[PDB]
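> sequence, then structure. It's an experimental one.
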Amino acid sequence: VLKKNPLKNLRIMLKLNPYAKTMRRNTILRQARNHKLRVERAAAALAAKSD
Amino acid sequence: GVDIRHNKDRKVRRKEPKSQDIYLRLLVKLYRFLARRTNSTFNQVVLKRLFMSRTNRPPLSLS
Amino acid sequence: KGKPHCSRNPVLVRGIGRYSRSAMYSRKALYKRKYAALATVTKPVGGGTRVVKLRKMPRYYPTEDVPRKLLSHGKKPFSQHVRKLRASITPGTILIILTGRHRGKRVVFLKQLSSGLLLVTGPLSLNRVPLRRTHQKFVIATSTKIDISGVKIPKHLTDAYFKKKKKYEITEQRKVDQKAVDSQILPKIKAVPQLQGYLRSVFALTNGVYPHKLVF
Amino acid sequence: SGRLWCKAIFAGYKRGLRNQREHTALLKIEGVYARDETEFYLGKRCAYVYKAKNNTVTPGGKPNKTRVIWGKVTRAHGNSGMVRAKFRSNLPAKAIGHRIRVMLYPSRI
Amino acid sequence: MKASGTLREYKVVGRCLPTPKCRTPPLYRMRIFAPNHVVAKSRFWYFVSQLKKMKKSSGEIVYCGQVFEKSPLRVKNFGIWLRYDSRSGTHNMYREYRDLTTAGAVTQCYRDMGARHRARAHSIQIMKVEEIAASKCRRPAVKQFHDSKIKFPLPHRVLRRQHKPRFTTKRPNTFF
Amino acid sequence: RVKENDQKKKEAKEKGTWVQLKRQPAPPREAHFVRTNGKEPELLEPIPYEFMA
Amino acid sequence: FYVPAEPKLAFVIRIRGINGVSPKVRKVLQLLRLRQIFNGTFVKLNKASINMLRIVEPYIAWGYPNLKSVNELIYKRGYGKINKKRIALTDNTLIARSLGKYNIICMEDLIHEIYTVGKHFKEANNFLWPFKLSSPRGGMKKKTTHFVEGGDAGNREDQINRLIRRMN
RNA sequence: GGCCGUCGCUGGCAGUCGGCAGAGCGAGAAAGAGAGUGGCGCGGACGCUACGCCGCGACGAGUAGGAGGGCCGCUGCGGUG
RNA sequence: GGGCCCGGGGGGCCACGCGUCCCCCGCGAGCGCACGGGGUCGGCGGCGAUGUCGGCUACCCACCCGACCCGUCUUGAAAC
RNA sequence: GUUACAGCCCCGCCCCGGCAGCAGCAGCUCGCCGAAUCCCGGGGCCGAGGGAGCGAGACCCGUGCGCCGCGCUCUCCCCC
Ligand SMILES: [Mg+2]
Ligand SMILES: [Mg+2]
Ligand SMILES: [Mg+2]
Ligand SMILES: [Mg+2]
Ligand SMILES: [Mg+2]
Ligand SMILES: [Mg+2]
Ligand SMILES: [Mg+2]
Ligand SMILES: [Mg+2]
Ligand SMILES: [Mg+2]
Ligand SMILES: [Mg+2]
Ligand SMILES: [Mg+2]
Ligand SMILES: [Mg+2]
Ligand SMILES: [Mg+2]
């Protein structure tokens, strides 16, 4: 069998570890949410530079 | 490189009879099939002994 | 019998859905959707009625056949491939076609066609370049754009319209389409100062001009 | 109506000191003298144009005496805007220090 | 030690491991100037084996952390007390540098000891680094920068970037 | 160690608790707290050179 | 002060080649299953193991690996010694078919067993064939001296993770 | 990663079991796709010189020396074409 | 911090049936997509009857790198 | 000589004085990292293997996108 890399191939990883699906679903949601909170704190800081 | 001694990697055990007689090779053709397709270890011993030389299958007397 | 919904959870990453399968079990509402439980044709003959056979067995068998091959999976044909563009090629951009018989001609981009090719027409009045296909790879993109978003490019001209047939004689449909697109583009390139003379010019590398250095 | 290629010199083959590995070529494109500027040329198609005695066919034209060996700029070499190129036939050593054309057309712009 | 990159300064503490003879052994602390924490723990055991009857396997390292500069924007005067093996004999030195950080001054000290005395890093033992007031400096190369109204040109600016025009037409200027 | 393992194997058999009988190599020593109760660690300095010979 | 536990697990990489090796060094290198240059194994530490690594310090580079280092080694260079053959860990049925009698039935069980050194570390480790790692991209500092004296041999404790990522 | 050979698995295949038919024995978990008795259309590639064919792994320096295989080569004889 | 984050008064879950009793407080079906047991196109473009196409190997030549003359005896041979 | 028409350093009390921010897109003032890590893109070389079957059963002879693996819709009903 051609050894496909689980660190590259998402589904070879899911064949070997199905919990990597939720370890990777979390920390897309987490990182996008934290990037929203980063942009929102920056916008409040710019408003405080105005106010 | 790899440090394995390649000294004893070939196992010199006998694979087939050295005889060219056709009846012994027919019995070998039968027990090759029985040795790989039965779970028994009788047929492996008998297949092995049908390979061996004359001095390794010595005569068994009646008594 | 039912109408198809679209896929409920969005594409969060490629191959990863945004909702986990318990939230998906609740979203599908599977708690309330439980479930439990030719080769012959008779023909009349004027005899009786014969029973003829469809796909009768072959009359010639070649002396050797090849075996069937295995089953790969991601090997789509060309008409189902995904079709990319660059971010630099947008409808209205001006391109530099590099390789053909129209080498170096600064030329206006219209649309991405179905086969991936660029419908590309730097006007027949200026460049002497028709409604012609080009390739994304063999084209340099100049950051000089026209607001072509309000033109009516025809729906009938597509990848089968420009594919070759078999002396090439210019059909009248090529002339009518060339005019009907040329007259829609050309006031918008006259509305920019000196753009038509830029389109009439040809691209050339000269001494001390290095393409890694000059930006466009 | 002008030049649609960049000027490169076939400097030598890919080599150690006492070994040359002539499947890989070394190219010196004009004007790029750092690895920051060689990122443009990677994957662009390079060409060794030369003319010989006998006529050979030209795609889209009559038979001329010009021939080519086509190549491909593969990766950067060294630290100073040299680059590697790999051609379909390995280049002759007739061509050392002569002009090869590095085309723009496998473009990434 | 290979005094590589820039040195960092470490607070490495440690002790002999307890026996029933001495139940709670005392902790010994040092200031190690080292490239990283692995060679800092090794250099700790070097000096502790010199000063005490204490080896690595009969002892343990309790803390090893980098100590940062408490004022890395002040230009300061460091006096470093040395001990180095020559080709003939070993010698003591006091030596003055002028950097922002103590780790920077000790990196400068290793480069300068290798420069002037051709002594490599395994010969050198830093025994005492002390930041020193400008009135207490001994060396004139450090004391000449203690001028409130300091003023000097950059006299003969040999240009670098010589190969960006390899083949230029104007001769370069060096007066700026 | 034979005799002690016979005693440790007859005992804790009716009790049922599994008792280690093989020797084991000296492990890495486990995590522990070190109390600097009061005093700070004594600062050690390399001594300067003086040629006694 | 909190002194953490001394590390129980080491990844040992062989950095020097096969030519001109002392017989006791050669024996210890073939007991750690390090028969090529840039082969790697996981070693659990104790008094026997640490002195076996002390006797071969110029020829090995080792340290205390990360969890992410265990992940990348098992997933990218992970092969199993199945029927005395090097067969790639592409399915959990392979790991279960050999090591299921130790309740190690997936890749995660084997990673947990290696990293948090388990009761059945010997069999999960000996299931793993030695790792075939490439040359270090970027390079070595110096192969012939110790890590402390500016090289690459010996214990480079936490710093073996920078070279696992450089080599794997 | 490709190819060549060697070695090992003394690995696999006689199951081409066809309207006298039912097409499987890759699968983490000692062993049966068992037999019984009461409550229209006539079809289905290759194979297997079993001294053959096939599949997996690792391996490959060499003097003196040893052994094997040569559908390498020369000359005559018994047979055969 | 740990106990399925012990227990009582807006986000995420490899959690989904009904009934009886002790105790704690084995067959649902179908249909498309695919990072899924090693590449395909159900995509094309040119040039070709007296001057061109292919032919690695073999004939001659040129260039770059390499490269001392074989047998032998010898610890050691390109050996003056 | 001691804040004056510059400043620097330390101590005490002010909530570790307080407001950012946080190993910094003042894109370099100084680190180790990622179960505390994910996404996207570009260049290069390769494409070895070749009967893996699916569903329909003795109430049928169909068909080659078939395993593992991920999850999509329908076999409920509305709304935008
Ligand atoms: Mg040998
Ligand atoms: Mg032998
Ligand atoms: Mg050596
Ligand atoms: Mg590199
Ligand atoms: Mg040596
Ligand atoms: Mg080899
Ligand atoms: Mg050999
Ligand atoms: Mg030469
Ligand atoms: Mg002689
Ligand atoms: Mg003699
Ligand atoms: Mg002699
Ligand atoms: Mg000789
Ligand atoms: Mg001589």
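Yes, it's here. Numbers count the residues shown, from 1 in each chain, chains lettered A, B, ... in the order given. Ligands and ions are numbered 1, 2, ... in the order given.

> now do the contacts for residue G:61.
G:12-15, G:147, G:152-154, G:156, G:160, G:163 (Cβ atoms under 8 Å, 6 or more residues apart in numbering or on different chains). Every residue, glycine included, has its C-beta placed from N, CA and C.

> cool, residue C:205 as well?
C:211, D:2-6.

> switch to 7 Å and redo it
C:211, D:2-4, D:6 (Cβ atoms under 7 Å, 6 or more residues apart in numbering or on different chains).

> remind me, longest helix of the chain?
You didn't pick a chain, so chain A it is. Ranked by residue count and defined by DSSP state H, the top helix of chain A is helix A:29-50.

> actually, chain C is the one I wanted.
Looking only at chain C and at elements set by DSSP H, the helix with the highest residue count is helix C:172-190.

> same check on chain B?
Longest helix in chain B by number of residues, with DSSP H as the criterion: helix B:22-37.

> what's in contact with that one?
Counting contacts by Cβ under 7 Å, 6+ apart, the residues touching helix B:22-37 from outside are B:17, B:43-44, B:46-47, B:50.

> tell me which residue lies nearest the centroid of the chain.
If you meant another chain, say so; for now it's chain A. Computing the C-alpha centroid of chain A and ranking residues by Cα atoms, centre = their mean puts residue A:28 first, at 2.4 Å.

> hmm, no, I was thinking of chain G.
residue G:41 (2.4 Å).

> one more: chain C?
By Cα atoms, centre = their mean, the mean C-alpha position of chain C lies nearest to residue C:114, the distance being 1.8 Å.

> now for the one residue in chain G that gets nearest to chain C, how many residues are close by?
For chain G and chain C, the shortest gap (Cβ to the nearest Cβ) falls at residue G:90, measuring 16.1 Å. Neighbour count for residue G:90, taken as other Cβ atoms under 10 Å in any protein chain shown: 18.

> go on, residue D:36?
The local packing of residue D:36 (other Cβ under 10 Å) involves 11 other residues.

> so how far is residue D:47 from residue D:27?
As for residue D:27, its distance to residue D:47 is 11 Å (criterion: Cβ to Cβ, to the nearest Å).

> okay, and the common contacts of these two?
Both residue D:27 and residue D:47 are in contact with residue D:100, where contact means Cβ under 7 Å, 6+ apart.

> so these two - more neighbours on which side?
Residue environment comparison for residue D:27 versus residue D:47 gives the larger neighbour count to residue D:27, 24 against 18, counting by other Cβ under 10 Å.

> and that one, that one's in a strand?
Yes: with DSSP: H, G, I helix; E, B strand; the rest coil as the criterion, residue D:27 is part of a strand.

> was I right about it contacting residue D:7?
No: with the criterion set as Cβ atoms under 7 Å, residue D:27 and residue D:7 do not qualify as a contacting pair; they are 10.6 Å apart.

> once you drop chain neighbours, what's closest to residue D:24?
residue D:14 (3.7 Å; Cβ to Cβ, 6 or more residues apart in numbering or on different chains).

> let me have the contacts of residue C:205 in TSV, extended by neighbour count, secondary structure and distance to RNA strand J.
Compiled in TSV, the contacts of residue C:205 are given as follows (neighbours: other Cβ atoms under 10 Å in any protein chain shown; DSSP: H, G, I helix; E, B strand; the rest coil; distance: Cβ to the nearest atom of the strand, whole Å):
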residue	neighbour count	secondary structure	distance to RNA strand J
C:211	21	coil	15
D:2	11	coil	26
D:3	14	strand	22
D:4	18	coil	19
D:6	23	strand	16
